[PDB]
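Participant: After the structure tokens below, expect a handful of questions from me.
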Amino acid sequence: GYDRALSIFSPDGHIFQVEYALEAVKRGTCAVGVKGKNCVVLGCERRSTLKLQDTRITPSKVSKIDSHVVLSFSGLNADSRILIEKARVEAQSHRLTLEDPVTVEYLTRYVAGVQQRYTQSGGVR
Amino acid sequence: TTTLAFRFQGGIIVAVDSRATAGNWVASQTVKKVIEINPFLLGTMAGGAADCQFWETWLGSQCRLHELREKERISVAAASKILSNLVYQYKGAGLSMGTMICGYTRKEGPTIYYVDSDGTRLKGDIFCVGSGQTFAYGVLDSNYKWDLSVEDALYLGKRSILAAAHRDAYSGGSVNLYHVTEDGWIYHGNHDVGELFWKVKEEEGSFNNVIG
Amino acid sequence: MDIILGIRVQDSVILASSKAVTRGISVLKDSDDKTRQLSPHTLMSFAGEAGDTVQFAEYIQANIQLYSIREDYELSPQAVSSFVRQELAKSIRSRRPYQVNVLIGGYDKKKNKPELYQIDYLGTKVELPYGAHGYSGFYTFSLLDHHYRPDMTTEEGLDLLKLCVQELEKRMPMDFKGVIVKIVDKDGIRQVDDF
Amino acid sequence: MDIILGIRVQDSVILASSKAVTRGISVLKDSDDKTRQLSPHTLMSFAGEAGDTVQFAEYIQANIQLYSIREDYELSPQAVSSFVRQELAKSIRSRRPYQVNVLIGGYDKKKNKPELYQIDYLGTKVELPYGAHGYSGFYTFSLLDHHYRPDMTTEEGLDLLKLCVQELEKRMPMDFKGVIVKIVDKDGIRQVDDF
Amino acid sequence: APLX
Amino acid sequence: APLX
Amino acid sequence: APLX
Amino acid sequence: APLX
Amino acid sequence: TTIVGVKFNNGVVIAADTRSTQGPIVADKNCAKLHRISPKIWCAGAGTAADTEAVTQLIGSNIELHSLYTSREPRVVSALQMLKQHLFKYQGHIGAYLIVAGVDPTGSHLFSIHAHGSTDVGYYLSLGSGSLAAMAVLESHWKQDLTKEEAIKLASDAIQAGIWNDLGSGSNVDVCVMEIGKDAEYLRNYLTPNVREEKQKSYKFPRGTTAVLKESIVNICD
Amino acid sequence: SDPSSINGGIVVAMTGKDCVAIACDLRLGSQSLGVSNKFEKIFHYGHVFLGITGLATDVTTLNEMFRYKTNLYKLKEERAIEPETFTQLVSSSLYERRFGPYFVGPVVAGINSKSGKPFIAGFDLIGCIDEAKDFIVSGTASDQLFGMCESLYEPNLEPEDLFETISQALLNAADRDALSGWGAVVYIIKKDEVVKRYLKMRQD
Amino acid sequence: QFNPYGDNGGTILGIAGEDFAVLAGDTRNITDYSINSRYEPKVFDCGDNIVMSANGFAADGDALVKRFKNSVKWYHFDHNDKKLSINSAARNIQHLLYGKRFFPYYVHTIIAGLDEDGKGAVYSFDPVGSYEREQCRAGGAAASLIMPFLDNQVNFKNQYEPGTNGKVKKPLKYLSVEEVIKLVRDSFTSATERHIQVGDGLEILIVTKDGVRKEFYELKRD
Amino acid sequence: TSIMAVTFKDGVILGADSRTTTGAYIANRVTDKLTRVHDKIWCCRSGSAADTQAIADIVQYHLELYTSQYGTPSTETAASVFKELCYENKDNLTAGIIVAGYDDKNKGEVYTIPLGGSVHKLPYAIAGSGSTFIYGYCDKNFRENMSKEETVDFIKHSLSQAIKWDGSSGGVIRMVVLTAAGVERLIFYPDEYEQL
Amino acid sequence: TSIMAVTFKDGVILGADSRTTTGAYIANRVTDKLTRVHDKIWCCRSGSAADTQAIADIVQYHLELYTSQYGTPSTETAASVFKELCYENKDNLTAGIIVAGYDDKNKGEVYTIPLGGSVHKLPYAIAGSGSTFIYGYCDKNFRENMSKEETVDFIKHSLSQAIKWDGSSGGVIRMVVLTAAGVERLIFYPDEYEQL
Amino acid sequence: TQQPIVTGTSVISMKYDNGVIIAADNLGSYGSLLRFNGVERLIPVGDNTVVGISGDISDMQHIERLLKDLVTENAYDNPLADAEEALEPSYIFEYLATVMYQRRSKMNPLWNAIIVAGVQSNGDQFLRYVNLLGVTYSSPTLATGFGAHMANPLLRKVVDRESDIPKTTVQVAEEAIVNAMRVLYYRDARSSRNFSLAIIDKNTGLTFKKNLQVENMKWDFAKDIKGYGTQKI
Ligand SMILES: [Cl-]
Ligand SMILES: [Cl-]
Ligand SMILES: [Mg+2]
Ligand SMILES: [Mg+2]
Ligand SMILES: [Mg+2]
Ligand SMILES: [Mg+2]
């Protein structure tokens, strides 16, 4: 297997590959979340250098993970599909074994854990 | 073995005998067939002594890790399903277990799950499990009401194990009793059949089949 | 076959016996009387291997009736039970043994006592306050250990029996299609028609 | 497990499934729901080897629900049935195969038709007007061959089902403790509460 | 091994 | 049966 | 048994 | 099978 | 079991241990495996306990009747023939393994009989589970021209090998000496090298220890 | 499928100073199911006592058989059969059924009424006599009885002491066997009075 | 067909007093009807005031004891020389046994020592790791002979207070080490009398807060 | 067992080892497998010890009764009586028997009766487990009309080899000589025959 | 099969019958059971034809590779390679093999490898079903340091007898002679060897 | 899962005051065929240990190779290989016992019974047994096969307990061993007359005697045995 340690420490104690991943987020379209007294709202900018788009079929930016939880993002779009799939699978697996849908905190902790794993595993960015 | 657990007005009663046998050889009369998993969770043992003991104390460790990770006590449903999913992985290998997972949570109320080594998992109000289950059922069913007082419920559970201990050659020793409420489980003592039978015969006037 | 029970109370013996006759995945009959009158104060219920049961019961009945005619006298329940036991005890070492279990309920008129005998196909005889054959005993013995009293009336006995049938209908895997109940007392043998 | 039936009428699929759970000589439970909702317009009943049945049903349910979330769309009954068949067809050559038989009843909203699929543990799939697994079929298929009409209403379907349950309660050796009935139609899945 |  |  |  |  | 037979100068001697087993359990610590067929013909038996007793009594009975009918003292070869033909008829199912010995008008004789009905002649023999331990001793110490006292020692030494080294044999040594012109002498418990040591404690209970429900006088009379 | 342990039960016998004791439990079951609590396994023919363990149908049959044989013996001989003689009759009768035996473990106890000697014996199912000074054991808890007897027993006990010893051997053996127990009876037998005591024991 | 198990016989026995515990076992080792050795110890000092015997199939017994001794060694290495309490040993042994659930050690295991309050403790295990603390346990071939004797003499079962009408039980009480060694010695001589696989010698390991002492006694060699 | 019978100039000689086996245990190391059924008709026994003894006893009885009524039986007649027993009871018998006798008309004769109860008249015969190892040797070394000393040597050398290779054979070599001169018993011990 | 190998003055000779059996049917009456694994190391094969061929092919391959790297292997080395195969695969193999070769240092050598894969160095060796019948003969007639002609006769006479009694042996007698002079193949037909 | 083919019968042994004796015949049987006659079943390891083996000979030869490789391995980087770090009998035994039990645990045993006889460096006698099941035991006398049944009772007459060892000389003990070998030749149908014997003495070291023979046999009484019961001539 391809093994290279791509996420490593620099002399100042920074992990440049993680920090450069943040730069990719910075370049992404804006996303905002605001929670009311009794609701949560997810707003997302869509960059408007694109007409002739087909909005029926173009991947929407807010994704249902389960029927009670949604996830939105900024950054690399292809990367976000991988996290959403993993999150969706975990949501179903949690229901299967715990007989209860995920808490929002639990599902967040899972996605976060996946992201962390990719910062200290060989061969992956 | 004879073990039972039933739901009622005042929570859950759990009662078990204490005999272990190897064929007709009585190996022990002092087995603890109830395992105290946490202050709100009980597991009963029937089948292979080692299988039950090992995997039910293993279950306790898994429930402990749940509450460390999730900052919350595990649901009876989830605890029972850990055990049942475990034994299902071993299906065909020859594990022998008939267990009941008994407990209270705020989200569930008082709850009993029957879990066995074929991988059967059932929620229910009344179960009896073991070689003496039918004897226990006979007494239990014919006196059971949802509205039994805590006092009556405790006695019925105790009396049902006694019935089975008497008729079933592979049940005996002593009765162990538990009551489970919204505040957790409460132990209601170890009762040797040696003295309990004669006490019940006298006070209740039952067991006339027996030379008094 | 399957379910046969018996309870002896103060002044009578009550026999309850299931009505179903099942072969394969079909209940062929739901009104089968699994009993033979041996003499006017002796009744025998039976369960076991198909064919063997009735053949055995009728054979005993024929022998007891012959004795009655010969001596112009009714054999005591104890005597009939001993005769039956010996027949089964011979049978168990035959080329093909009778696979039949029986309950013999009788009122002994010399003693003025009801008597219940439980005999299995090996010829194992025991006199009991209450009895059962097959899987039935696994529910009823414990139940009866609890609720039975030696001095019960015939009516108390029937209520006690209702408890047994109720439990069996709750926990038994099979549909045995209810029971036919019969009472043996000082006035002979009669059948309860609504159970 | 044991009894699972299904009838497809004009505008719905009706599934009837026995409530008893028996192990040894004890009926452990008389209110067991032998069914899982796979999607809002698809229902699956199941019977077979202890443990295997629920493990299989829940596993399929988890997979179908995952698909629904991923595509924000409901898979057609035909598609779900084919997925299920493939899973069983793989299983039959595994180290330890799932010994589970299923009926899949669904309302296809694109076609506006109810559909009933019968699939056994080998992965043998067939679409039917009415179906059954186990010994149940030996009484119901002939009965339904007689009384069933393709254009029946949901109410006519339930009466037809009463006939099937009545026959099974008359002739089946075991007490299966009645059935839970569920209707799948254009408005989803609901349960009849007095049967 | 013993059973219970 | 006892042996010798 | 003894053989020869 | 062939033997020698 | 362990059993042996040894010939000497003027007769023959047989010996046996005294243990009976029912699986690993010792059923009898002091049973008699030496049987009298006739006054001067004795039998040692191994195998199924009831079979050796029953077959030995039956042939002993018929030998007595035969002795009366013929007005002669019974011969060992008659016991031998009757035993072997009986055992052969039963195809091994009568599990009797016997060393037959005695004196008669013809002389002194020593034979063994296996359960399927074959017989052997020899100056020294052993049968039973302990037969190899015993035979090791016999093969080591037997000689031609033994005196009566040498033969007794050799026989009981062979039984002792069985007692100590075979788990199927234990307790005591029985002997029987059949000398020509003399009465057979049956030496029951000739050796007793396995006396139970004094127990550490007396387990005699305080009277009234046992809980009683009922008493009654039993009528043994008429 | 092992006929000697379908019904369960035990019998033990002991000698004392000018007395014998013989005791049995009262259980009759069908494998795990206890059926009767009143099934005695000790019978007597005049002053000779016979206990029988094993298959209950054979226990009953053999009792009926030995009653028959001893009744005829008495009529022809004009005296009660003695224990030494009865022991021989038991042996003959069992071995007569050598290749289709009664599945029983009989035990004989009594006092010879001429010589005054206490006498006990035990048999295997095919008639082998085990005569003993001290004790004979029989039944599904025979291992336990052997252990209890071999440690508890001492020679020359007085009848009321012998009673305690045999009772404790029976009770504690029965409690380690699933198929024995459910009550117990002890016969104390002296040259011409016989006391019969029912023991209180655990009913599980 | 190759059978990976054998049976080496012998028997073991553990009794616990108030401030001591004993673990005894005979020293005979057998296969079938042969004696392999008259002195082959099977009770072991395992360190940390724990004695252990694993009786049945000797090869499995030795493997297990070896593994547990080794377990004690690493417990010290990994947890700063901490003392392995008897309750912790017991649980560790459960995992050793159950780890071979599907190819078991054919042994009945007993360990003895002192609990954390200095009281005597005996733990016993079935072959696949079910375990339980007791005052009292016999294991191995003669277990069924000895155990009911111990119920009667150690826990005073079926024993009542004379003249209390079988209403007041004999009251429970700890035994002196002198009393316990008497019950052990009598248990084994009785077992030796009636079980063919038990005999030759008896070795007792006594465990107090001052360590492990041994005592040895001759047993009948037949 | 190893057994054989050989015809020669003056009659016939029977030979046998002396080992009885009960597993791998030697139950008897000095067995006499050469058995008289008439003055000058003898047999060698192999197979079951019980079967062959029971058979020989019956045959001896028949020939004693034959003698009483019709005089001395021929060797052929004796072999016929063995056959009748072995053949008719072939399901229940494990008996391999060689019959050998001396007439004054017929001189020496050998009949071998293997397991099935067939009869085979031969110049010489070998049988028993140990015989397999000496088919080669015996076929190469046997001639007709050998002298007594040559025949004793042939048997001694043959059985020596059978005993050497067969674990189920051993002890002493016994022989029985059958001529007009009467009946002679020979015995040869290991220290002699082993180093041949 | 009947096979053997015999050491003598100038080296070693291997011999074998030519019968392959497939039941009681003779599948091949002219089989070559003598097989080359190196110029002057040969083997006799008995047991399964498939097993022994597969084994010999592997051994030939090992010794060819041995030769390339370290020169001529000893007969002992060749026998060791056979053993390794037979021993390690004892559950799946039915192969009774005799290995024979000629060194110039060691002269003639014979190693026999029976079913379990044990190794036994001997002056001569016999094996195969037919060998049972000639243990007697061969033990009586073998001497050390025979001449070539004596050794050919010994093998011819021995296998003649094995073939005569064993139904699983027959056809021609093949031999392979191994000396300093090279390698010689001999064959003898029934009409010659039968009437020996 | 195995079945033994070429086999060796009994190995017998005992301790005496100064050392240990061990013996075993030179036969390799093939069922009832006494196939091979020059088979050495005692294998010396160093000059302080003899390992005697019964059972399957192919597995014995495998074990020979293990022991000979063990000696080699022990010499590696070991300047005290022929002194303080020489292989002891207890090392050789434990190694074999370890292997035997592992092979039984893999359901593929070495089909042997083994006795390791020798003298430890402190002068102590070593005698221990191990077999295909990995069962091990020590006794003043040890034997395998028929030896266990026939030799042990004879050898225990000499050394019946620990205390009897100081009282037993090498002449006495060799006599007992040699006599035991004769008995086995009388009675074991798979024994041979030829055998090897080895003494390991704490003073004289290892004496290995080859080509011994059973002698002084009693066969004469055979002539007096006629028939099987009633026959006279
Ligand atoms: Cl013979
Ligand atoms: Cl080929
Ligand atoms: Mg009970
Ligand atoms: Mg009990
Ligand atoms: Mg003993
Ligand atoms: Mg030989």
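In the structure tokens, the first chain shown is A, the next is B, and so on; residue numbers restart at 1 for each chain, and ligands run from 1 in the order shown.
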Skip stretch 75-81 of chain C itself and residues of its chain fewer than 3 positions away, then list as a count of residues only all residues within 12 Å of it, counting only C-alpha atoms.
Facilitator: 52
Participant: Let me see if you get this right: every residue at most 10 Å from ligand 1, counting only C-alpha atoms and all ligand atoms, written as a PyMOL selection string.
Facilitator: (chain G and resi 2-4) or (chain I and resi 118-121) or (chain L and resi 18-21+28+30-35+45-53) or (chain N and resi 227-229)
Participant: Please identify all residues of chain K having at least one atom at most 9 Å from any atom of chain E, considering only C-alpha atoms, and return them as a ChimeraX atom specification.
Facilitator: /K:126-130
Participant: Leaving out stretch 54-68 of chain K and any residue of its chain fewer than 4 positions from it, which residues lie within 8 Å of it when counting only C-alpha atoms, given as a list in words?
Facilitator: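 Here the answer would be residues 5, 6, 7, 8, 9, 10, 11, 12, 42, 43, 46, 72, 93, 96, 105, 106, 107, 108, 109, 110, 139, 140 and 141 of chain K; 101, 133, 134, 135 and 136 of chain N.
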Participant: Residues of chain M within 7 Å of chain N, counting only C-alpha atoms - could you list those as JSON, numbers by chain?
Facilitator: {"M": [115, 116, 117, 118]}
Participant: Generate the output file for the selected residues, N, CA, C and O atoms, as a short mmCIF file (atom, residue, chain, number, x, y, z; two decimals), in the first residue's frame.
Facilitator:
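Final file, out.cif:
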```
data_model
loop_
_atom_site.label_atom_id
_atom_site.label_comp_id
_atom_site.auth_asym_id
_atom_site.auth_seq_id
_atom_site.Cartn_x
_atom_site.Cartn_y
_atom_site.Cartn_z
N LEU M 115 5.68 -47.11 4.27
CA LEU M 115 4.53 -46.20 4.25
C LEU M 115 4.66 -44.92 5.10
O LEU M 115 4.35 -43.84 4.62
N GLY M 116 5.10 -45.05 6.34
CA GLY M 116 5.17 -43.88 7.24
C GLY M 116 6.23 -42.83 6.91
O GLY M 116 6.23 -41.75 7.50
N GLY M 117 7.14 -43.14 5.99
CA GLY M 117 8.22 -42.23 5.64
C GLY M 117 9.48 -42.36 6.48
O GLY M 117 10.31 -41.46 6.51
N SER M 118 9.63 -43.49 7.18
CA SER M 118 10.87 -43.80 7.89
C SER M 118 11.92 -44.24 6.87
O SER M 118 11.58 -44.64 5.76
#
```
Participant: I want to know what sits within 6 Å of stretch 6-22 of chain I, based on only C-alpha atoms, with residues of the same chain fewer than 4 positions away left out; could you give that as JSON, numbers by chain?
Facilitator: {"F": [2, 3, 4], "I": [2, 26, 27, 28, 29, 30, 31, 108, 123, 124, 145, 146, 147, 169, 170, 171, 172, 173, 174, 175, 176, 177, 178, 179, 180]}
Participant: Rounded to one decimal, what separation in Å do you get between atom CA of residue A:51 and atom CA of residue A:79?
Facilitator: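 A separation of 24.1 Å between them.
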Participant: Using only C-alpha atoms, which residues sit within 9 Å of stretch 130-140 of chain C once same-chain residues fewer than 5 positions away are excluded, as a compact mmCIF listing (two decimals) with N, CA and C atoms, in the first residue's frame?
Facilitator:
```txt
# COMPACT_ATOMS: atom_id res chain seq x y z
N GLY B 132 -36.76 -25.60 34.56
CA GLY B 132 -37.95 -25.51 35.40
C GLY B 132 -38.95 -24.44 35.00
N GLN B 133 -38.79 -23.87 33.80
CA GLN B 133 -39.61 -22.73 33.38
C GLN B 133 -41.12 -23.02 33.42
N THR B 134 -41.50 -24.22 32.98
CA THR B 134 -42.92 -24.59 32.89
C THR B 134 -43.58 -24.65 34.26
N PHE B 135 -42.85 -25.14 35.25
CA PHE B 135 -43.36 -25.22 36.62
C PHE B 135 -43.60 -23.82 37.17
N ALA B 136 -42.61 -22.95 37.01
CA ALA B 136 -42.72 -21.54 37.39
C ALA B 136 -43.89 -20.86 36.69
N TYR B 137 -44.02 -21.08 35.38
CA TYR B 137 -45.13 -20.51 34.60
C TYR B 137 -46.49 -20.88 35.19
N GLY B 138 -46.66 -22.15 35.54
CA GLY B 138 -47.94 -22.67 36.04
C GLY B 138 -48.49 -21.91 37.23
N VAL B 139 -47.62 -21.69 38.22
CA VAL B 139 -47.97 -20.90 39.40
C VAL B 139 -48.11 -19.43 39.04
N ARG B 167 -40.49 -29.47 42.04
CA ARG B 167 -40.83 -30.46 41.01
C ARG B 167 -39.69 -30.76 40.03
N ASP B 168 -38.96 -29.72 39.61
CA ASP B 168 -37.85 -29.90 38.68
C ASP B 168 -36.62 -30.38 39.44
N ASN B 209 -49.37 -32.95 48.47
CA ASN B 209 -48.71 -34.12 47.88
C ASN B 209 -47.57 -34.65 48.75
N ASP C 2 -52.17 -36.99 23.74
CA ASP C 2 -51.49 -35.88 24.47
C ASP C 2 -51.98 -35.57 25.90
N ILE C 3 -53.08 -34.83 26.07
CA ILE C 3 -53.44 -34.33 27.41
C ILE C 3 -54.43 -35.20 28.17
N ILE C 4 -53.98 -35.77 29.28
CA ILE C 4 -54.88 -36.42 30.25
C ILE C 4 -54.50 -36.01 31.67
N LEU C 5 -55.49 -35.53 32.42
CA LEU C 5 -55.30 -35.13 33.81
C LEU C 5 -56.27 -35.89 34.69
N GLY C 6 -55.98 -35.90 35.98
CA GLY C 6 -56.90 -36.42 36.98
C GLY C 6 -56.68 -35.75 38.31
N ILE C 7 -57.77 -35.40 38.99
CA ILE C 7 -57.71 -34.88 40.36
C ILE C 7 -58.67 -35.68 41.22
N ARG C 8 -58.20 -36.07 42.40
CA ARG C 8 -59.03 -36.72 43.40
C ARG C 8 -59.34 -35.72 44.50
N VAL C 9 -60.62 -35.45 44.71
CA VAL C 9 -61.06 -34.56 45.79
C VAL C 9 -61.65 -35.41 46.93
N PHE C 46 -56.58 -42.61 28.71
CA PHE C 46 -55.37 -43.14 28.08
C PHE C 46 -54.79 -42.20 27.02
N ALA C 47 -53.46 -42.24 26.89
CA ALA C 47 -52.75 -41.48 25.87
C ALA C 47 -51.46 -42.20 25.48
N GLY C 48 -51.07 -42.06 24.21
CA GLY C 48 -49.84 -42.67 23.72
C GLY C 48 -49.81 -42.90 22.22
N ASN C 101 -50.08 -44.79 28.14
CA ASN C 101 -50.10 -44.32 29.52
C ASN C 101 -51.54 -44.14 29.93
N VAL C 102 -51.85 -44.45 31.19
CA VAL C 102 -53.24 -44.38 31.66
C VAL C 102 -53.37 -43.71 33.02
N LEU C 103 -54.55 -43.13 33.24
CA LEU C 103 -55.00 -42.75 34.56
C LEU C 103 -56.24 -43.57 34.86
N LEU C 116 -57.26 -42.37 42.66
CA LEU C 116 -56.68 -42.05 41.36
C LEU C 116 -55.33 -42.74 41.22
N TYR C 117 -55.18 -43.55 40.17
CA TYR C 117 -53.92 -44.23 39.88
C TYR C 117 -53.32 -43.74 38.58
N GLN C 118 -52.02 -43.43 38.62
CA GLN C 118 -51.28 -43.04 37.43
C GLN C 118 -50.34 -44.18 37.06
N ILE C 119 -50.49 -44.70 35.85
CA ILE C 119 -49.66 -45.81 35.37
C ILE C 119 -49.10 -45.48 33.99
N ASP C 120 -47.77 -45.55 33.85
CA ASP C 120 -47.15 -45.34 32.54
C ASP C 120 -46.96 -46.66 31.79
N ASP C 145 -49.86 -28.29 43.09
CA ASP C 145 -49.10 -28.20 44.34
C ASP C 145 -49.50 -26.95 45.13
N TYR C 148 -54.29 -26.93 45.24
CA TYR C 148 -55.07 -28.11 45.67
C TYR C 148 -55.12 -28.26 47.19
N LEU C 163 -58.53 -23.95 35.98
CA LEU C 163 -57.21 -23.34 36.09
C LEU C 163 -56.15 -24.09 35.28
N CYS C 164 -56.15 -25.41 35.39
CA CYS C 164 -55.19 -26.25 34.68
C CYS C 164 -55.36 -26.14 33.17
N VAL C 165 -56.60 -26.25 32.70
CA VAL C 165 -56.89 -26.16 31.27
C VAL C 165 -56.56 -24.77 30.73
N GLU C 167 -54.24 -22.67 31.88
CA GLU C 167 -52.79 -22.57 31.80
C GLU C 167 -52.26 -23.32 30.59
N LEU C 168 -52.78 -24.52 30.35
CA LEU C 168 -52.35 -25.32 29.21
C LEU C 168 -52.72 -24.64 27.89
N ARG C 171 -50.00 -21.73 27.47
CA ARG C 171 -48.57 -22.03 27.33
C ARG C 171 -48.20 -23.24 26.47
N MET C 172 -49.15 -24.12 26.18
CA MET C 172 -48.87 -25.30 25.35
C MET C 172 -48.76 -24.92 23.88
N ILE D 25 -41.64 -26.63 24.78
CA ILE D 25 -43.05 -26.84 25.12
C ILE D 25 -43.67 -25.60 25.76
N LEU J 33 -38.81 -34.54 35.92
CA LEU J 33 -40.10 -34.36 36.57
C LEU J 33 -40.26 -35.28 37.77
N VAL J 35 -42.64 -37.00 40.30
CA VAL J 35 -44.02 -37.46 40.12
C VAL J 35 -44.68 -37.82 41.45
```
Participant: So that I can check the surroundings of stretch 55-65 of chain A, please list as a PDB file with C-alpha atoms, in the first residue's frame every protein, DNA and RNA residue that reaches within 8 Å of it, counting only C-alpha atoms and ignoring chain neighbours fewer than 3 positions away.
Facilitator:
```
ATOM      1  CA  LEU A  42     -28.982  26.382   7.145  1.00  0.00           C
ATOM      2  CA  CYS A  44     -25.711  28.474   1.614  1.00  0.00           C
ATOM      3  CA  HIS A  68     -33.859  14.445  11.560  1.00  0.00           C
ATOM      4  CA  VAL A  69     -30.298  15.662  10.817  1.00  0.00           C
ATOM      5  CA  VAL A  70     -28.809  17.701   7.979  1.00  0.00           C
ATOM      6  CA  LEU A  71     -25.226  18.511   7.027  1.00  0.00           C
ATOM      7  CA  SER A  72     -23.848  21.373   4.936  1.00  0.00           C
ATOM      8  CA  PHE A  73     -20.260  22.301   4.153  1.00  0.00           C
ATOM      9  CA  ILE A  84     -21.736  12.313   3.819  1.00  0.00           C
ATOM     10  CA  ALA A  87     -22.165   9.601   7.991  1.00  0.00           C
ATOM     11  CA  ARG A  88     -25.290   8.161   6.342  1.00  0.00           C
ATOM     12  CA  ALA A  91     -26.729   6.729  11.010  1.00  0.00           C
TER      13      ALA A  91
ATOM     14  CA  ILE D  69     -31.780   8.722   2.398  1.00  0.00           C
TER      15      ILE D  69
END
```
Participant: Residues at most 7 Å from ligand 6, using only C-alpha atoms and all ligand atoms? Could they come as a PDB file with C-alpha atoms, in the first residue's frame?
Facilitator:
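For reference, out_2.pdb as written:
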```pdb
ATOM      1  CA  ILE L 163       8.430 -67.512  13.627  1.00  0.00           C
ATOM      2  CA  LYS L 164      11.202 -65.013  12.769  1.00  0.00           C
ATOM      3  CA  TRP L 165       8.959 -62.705  10.724  1.00  0.00           C
ATOM      4  CA  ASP L 166       5.529 -63.352  12.245  1.00  0.00           C
ATOM      5  CA  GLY L 167       4.950 -61.719  15.630  1.00  0.00           C
ATOM      6  CA  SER L 168       1.933 -64.004  16.098  1.00  0.00           C
ATOM      7  CA  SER L 169       4.208 -67.072  16.064  1.00  0.00           C
ATOM      8  CA  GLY L 170       6.878 -68.203  18.507  1.00  0.00           C
TER       9      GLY L 170
ATOM     10  CA  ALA N 189       4.357 -60.640  20.619  1.00  0.00           C
TER      11      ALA N 189
END
```
Participant: Using only C-alpha atoms and all ligand atoms, find each residue with an atom at most 8 Å away from ligand 4 and format the answer as a PyMOL selection string.
Facilitator: (chain B and resi 169) or (chain J and resi 174-182+202-204)
Participant: Could you give me, as a Markdown table, every chain K residue with an atom at most 10 Å from chain B, plus its closest atom pair and distance in Å to one decimal, counting only C-alpha atoms, rows ordered by chain then number?
Facilitator:
```
| residue | atom | partner | partner_atom | distance |
| --- | --- | --- | --- | --- |
| K:91 | CA | B:54 | CA | 9.7 |
| K:94 | CA | B:54 | CA | 7.9 |
| K:95 | CA | B:54 | CA | 8.2 |
| K:97 | CA | B:50 | CA | 9.5 |
| K:98 | CA | B:50 | CA | 7.5 |
| K:101 | CA | B:51 | CA | 8.7 |
| K:102 | CA | B:93 | CA | 8.0 |
| K:125 | CA | B:50 | CA | 9.1 |
| K:126 | CA | B:50 | CA | 7.7 |
| K:127 | CA | B:50 | CA | 8.8 |
| K:128 | CA | B:50 | CA | 6.1 |
| K:129 | CA | B:50 | CA | 5.5 |
| K:130 | CA | B:50 | CA | 4.1 |
| K:131 | CA | B:50 | CA | 7.7 |
| K:132 | CA | B:31 | CA | 7.3 |
| K:133 | CA | B:30 | CA | 9.4 |
| K:134 | CA | B:30 | CA | 8.7 |
| K:137 | CA | B:28 | CA | 9.7 |
| K:143 | CA | B:27 | CA | 9.9 |
| K:144 | CA | B:25 | CA | 7.8 |
| K:147 | CA | B:27 | CA | 9.3 |
| K:157 | CA | B:194 | CA | 9.9 |
| K:158 | CA | B:194 | CA | 9.3 |
| K:167 | CA | B:195 | CA | 9.2 |
| K:169 | CA | B:195 | CA | 9.9 |
```
